[PDB]
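What follows is one chain in structure tokens, specifically the form deposited in one PDB entry.
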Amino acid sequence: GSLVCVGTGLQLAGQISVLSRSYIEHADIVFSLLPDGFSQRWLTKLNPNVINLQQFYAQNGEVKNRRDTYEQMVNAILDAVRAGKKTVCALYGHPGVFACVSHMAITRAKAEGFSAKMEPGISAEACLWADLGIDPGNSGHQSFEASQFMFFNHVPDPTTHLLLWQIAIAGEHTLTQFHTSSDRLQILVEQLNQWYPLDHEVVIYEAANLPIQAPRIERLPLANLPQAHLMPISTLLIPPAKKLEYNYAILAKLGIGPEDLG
């Protein structure tokens, strides 16, 4: 058996790479995690032998640590590989960006002596640059999982675009809920206020998943974040709050100055 993990992008049908679509078409079996039923139908027509990984999420009002869900997803994929199937995992976006199931399956597969590889796809970040007309080369960029930003020590560069992923579950430490509470978001606001004024404009971004759908690009002051409507697919963009300062020691050594910069 073998494993290839591919991404389908965010937009239905059209945002998958040509090669990745081919991998899906030729697979013995496909394990899928897609944004909606429209995507699921599209995939089923590409390859009828699909297992929907969504089934491993909590159902019927049961409580479940998301770590256990991921483990079950990985076990399911590996079971197919071990059985001898040419297995493809089809995840939305990029299968290796803020996505542990792919990395976990590939690590485990290699360890068990199986061929495993990941094909890059178009991530939410990639969609954000296009939709907001931001070239991240301009002032740089940085990405953190919102909860990790809260639970561990991270310091953002406030001269650079800051992306907080999984903002909807920021601070939800049990890993069982799909939403956090307003009090948790308020704690995040106060934390971010080390670098960002309370009136600093931030953006709640959601890339469209359907061709007839416009992206969500909601601008609001940071202070209002705890009252905003956030969804699982929401990403928070925090534009720069501080102006660039010259690295005089380095400029001097390179023999250049502000004159010929910007």
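Definition used throughout: the rigid core is the maximal C-alpha set that superposes within 1.5 Å between two forms. Each residue number is its position in the shown sequence, starting from 1.
The protein also exists as the form deposited in another entry; that form is not presented, and the subsequent description refers to it.
Only one candidate in 186, 72, 143, 159 has its Cα displaced by 2 Å or more between this form and the one not shown after core superposition: 72. When the rigid core is held fixed, the Cα atom of residue 196 travels less than 2 angstroms between this form and the one not shown. When two forms of a protein are overlaid on their rigid core, residues whose CA moves 2 Å or more are considered shifted, and residue 130 is not one of them between this form and the one not shown. In the core-superposed comparison between this form and the one not shown, the C-alpha atom of residue 237 has shifted by less than 2 angstroms.
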